[PDB]
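In terms of the entry's author numbering, the sequence shown has 49 at position 49, counting the first letter as 1, and numbering is strictly consecutive.
Beneath this line is the structure, given in structure tokens, with notes to follow.
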Amino acid sequence: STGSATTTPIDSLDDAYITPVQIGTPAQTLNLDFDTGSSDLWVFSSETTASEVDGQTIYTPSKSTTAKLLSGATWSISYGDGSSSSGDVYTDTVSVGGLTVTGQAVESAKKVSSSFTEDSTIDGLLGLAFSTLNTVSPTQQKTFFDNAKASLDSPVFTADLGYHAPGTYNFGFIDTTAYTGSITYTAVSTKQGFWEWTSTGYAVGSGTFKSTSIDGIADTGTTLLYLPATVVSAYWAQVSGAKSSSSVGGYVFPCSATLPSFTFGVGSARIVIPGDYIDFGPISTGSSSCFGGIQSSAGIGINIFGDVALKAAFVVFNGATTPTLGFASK
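Given below as structure tokens:
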């Protein structure tokens, strides 16, 4: 089997991407944030504290003839950015782009943190990291991909995120028309539960490539590119007037600037992030200070190849017995 679904930016900055997901019988379609940095499929629901729901579409398990309470199971997740959610668990039928999993754990939120409430466009998350990170207790549950894997034509999914435009998540096949050149594959460590890999270096603009190992995670659920302070300083030094602002929480730059590209290495291959992908717009409405899309990972504890990086590539998440990641230009 295969599946193919369009993923759409939630706003004009590509702060996140939402993908429609069918849950239950009859289908209830929710727009979920596909997150290769976590492993829980959770949704706003009829059980979510009413004051914490503000415009989201909810899953109502009582209206699904295929929903079953997973007795005794609870979940609670805290993301690295400080957001969180928790609740109980149903199993139900879940379909993405025509690919159906029966008995998928659907984690129903009883509580969500303010950042989720305040984003009316995201109805929940669909985790695509390794199932070892799933938070369901006392019986850990599998991700949608893990459940689908054996049925797929090939045990892969691909992320093709758009810049200020829709893109595609495919399951079970590689669309050879969706990228240019070849896909370069690189090793993955699953030791921390992530799609963790080592970039071979970077360049800023038309500058020389610096060969250096940068361990990080391919994370569709993180907006920005978080890299070591040395790398990030080298990038922003090429933008007149750019500075790190402790009050704002990162590098800012004059909105009048033209940003240089940023290149990262995948083996001997190179992925170029155009400068415009690194612009996250005014820090507050009407400001002429703009927020940078490349930020320091210092104090995160890990480097994160978030959407800023991934949207410059066609990315293969290869879930074969020994997982790997593939990157192609597009």
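All C-beta atoms, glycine included, are put in the ideal place defined by N, C-alpha and C.
* **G97 versus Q238: straight-line alpha-carbon distance, rounded** => The sequence position of residue 97 within the sequence shown is 97, counting from 1. The sequence position of residue 238 within the sequence shown is 238, counting from 1. C-alpha separation (whole angstroms): 42 Å.
* **DSSP-derived helix/strand/coil call for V239** => Counting from 1 along the sequence shown, the entry for residue 239 is found at position 239. Note: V239 maps to coil in three-state DSSP.
* First and last residue of the beta strand (DSSP E) that includes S64? -> Taking the first residue of the sequence shown as 1, we reach residue 64 at position 64. Here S64 belongs to no beta strand (DSSP E), and DSSP marks it neither H nor E.
* **Reduced DSSP secondary structure (H/G/I, E/B, other) of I214** => Locating residue 214 in the sequence shown gives position 214, where the first residue counts as 1. In this structure, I214 counts as strand in the three-state DSSP scheme.
* To do: For the alpha helix (DSSP H) containing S115, list its first residue and its last residue.
  => One-based indexing of the sequence shown puts residue 115 at position 115. Where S115 is concerned, the enclosing alpha helix (DSSP H) stretches over 114-117.
* Asked: Can you tell which of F116, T6, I273, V94 has its C-alpha closest to the C-alpha of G82?
  -> Residue mapping note: residue 82 aligns to position 82 of the sequence shown, counting from 1. Among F116, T6, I273, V94, the Cα nearest to that of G82 is on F116.
* Asked: Could you give the distance in angstroms between the alpha-carbon of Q22 and the alpha-carbon of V316?
  -> For this step, residue 22 is matched to residue 22 along the sequence shown. For this step, residue 316 is matched to residue 316 along the sequence shown. Whole-angstrom Cα-Cα distance: 23 Å.
* To do: Over the uninterrupted alpha helix (DSSP H) stretch that includes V21, give me the two end residues.
  => In the sequence shown, the residue the question calls residue 21 occupies position 21. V21 -> not in any alpha helix (DSSP H); beta strand (DSSP E) instead, spanning 17-23.
* Assign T7 to one of three DSSP states: helix, strand, or coil. => Translated into the one-based positions of the sequence shown, residue 7 becomes position 7. Three-state DSSP puts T7 in a strand.
* **CA-to-CA distance, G167 to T184, given in whole angstroms** => Looking up residue 184 in the sequence shown gives position 184. Looking up residue 167 in the sequence shown gives position 167. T184 and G167: Cα-Cα distance of roughly 20 Å.
* Asked: Is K149 helix, strand or coil by DSSP?
  -> Working through the sequence shown from its first residue, we reach residue 149 at position 149. Correct three-state label for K149: helix.
* In whole angstroms, what separates the C-alpha of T7 from that of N31? -> If you number the sequence shown from 1, residue 7 lands on position 7. If you number the sequence shown from 1, residue 31 lands on position 31. The straight-line gap from Cα to Cα measures roughly 9 Å.
* Thinking C-alpha only, which one of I304, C255, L325, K311 is nearest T285? -> Locating residue 285 in the sequence shown gives position 285, where the first residue counts as 1. Minimum Cα distance to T285 is reached at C255.
* Under a three-way DSSP split, which group does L133 fall into? -> As a first step, residue 133 is located in the sequence shown; it is residue number 133 there, counting from the start. Note: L133 maps to helix in three-state DSSP.
* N147 versus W195 - alpha carbon distance -> Here residue 147 refers to the residue found at position 147 of the sequence shown. Here residue 195 refers to the residue found at position 195 of the sequence shown. Going by the C-alpha atoms only, they are around 17 Å apart.
* Asked: Ends of the alpha helix (DSSP H) at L310?
  -> Locating residue 310 in the sequence shown gives position 310, counting from the first residue. Where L310 is concerned, the enclosing alpha helix (DSSP H) stretches over 307-310.
* Asked: On the premise that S289 lies in contact with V232, defined as a C-beta separation below 8 Å, what is that separation, rounded to the nearest angstrom?
  -> Locating residue 232 in the sequence shown gives position 232, where the first residue counts as 1. Locating residue 289 in the sequence shown gives position 289, where the first residue counts as 1. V232 to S289, Cβ: 17 Å. No contact.
* **Which residues DSSP lists as bridging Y251, in chain order** => For the purposes of this step, residue 251 is taken as the residue at position 251 of the sequence shown. Partner(s): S244.
* Asked: So, are the CB atoms of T200 and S182 less than 8 Å apart?
  -> The count along the sequence shown starts at 1 and reaches residue 200 at position 200. The count along the sequence shown starts at 1 and reaches residue 182 at position 182. Not closer than 8 Å, so no.
* Is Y179 helix, strand or coil when you go by DSSP? -> Start at 1 with the first residue of the sequence shown, and residue 179 comes out as number 179. Note: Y179 maps to coil in three-state DSSP.
* Asked: Assuming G124 contacts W42 under a Cβ cut-off of 8 Å, what Cβ separation, rounded to an integer in Å, is found between them?
  -> Translated into the one-based positions of the sequence shown, residue 124 becomes position 124. Translated into the one-based positions of the sequence shown, residue 42 becomes position 42. Their Cβ separation, rounded to whole angstroms, is 5 Å, which keeps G124 and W42 in contact under 8 Å.
* Would you call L70 buried or exposed, if buried means 16 or more other Cβ atoms sit within 10 Å of its Cβ? -> Numbered from 1 along the sequence shown, position 70 holds the residue referred to as residue 70. Answer is buried; the Cβ neighbour count reaches 16.
* Asked: According to the Cβ coordinates, are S120 and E47 closer than 8 Å?
  -> Within the sequence shown, residue 120 is the residue found at index 120, counting from 1. Within the sequence shown, residue 47 is the residue found at index 47, counting from 1. Going by C-beta atoms, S120 is not nearer than 8 Å to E47.
* Ends of the beta strand (DSSP E) at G267? -> To locate residue 267, count along the sequence shown from 1; it is residue 267. Element bounds for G267: n/a, residue is neither H nor E.
* Asked: Going by C-alpha distance, which of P61, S95, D11 is nearest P20?
  -> Locating residue 20 in the sequence shown gives position 20, counting from the first residue. Closest by alpha carbon: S95.
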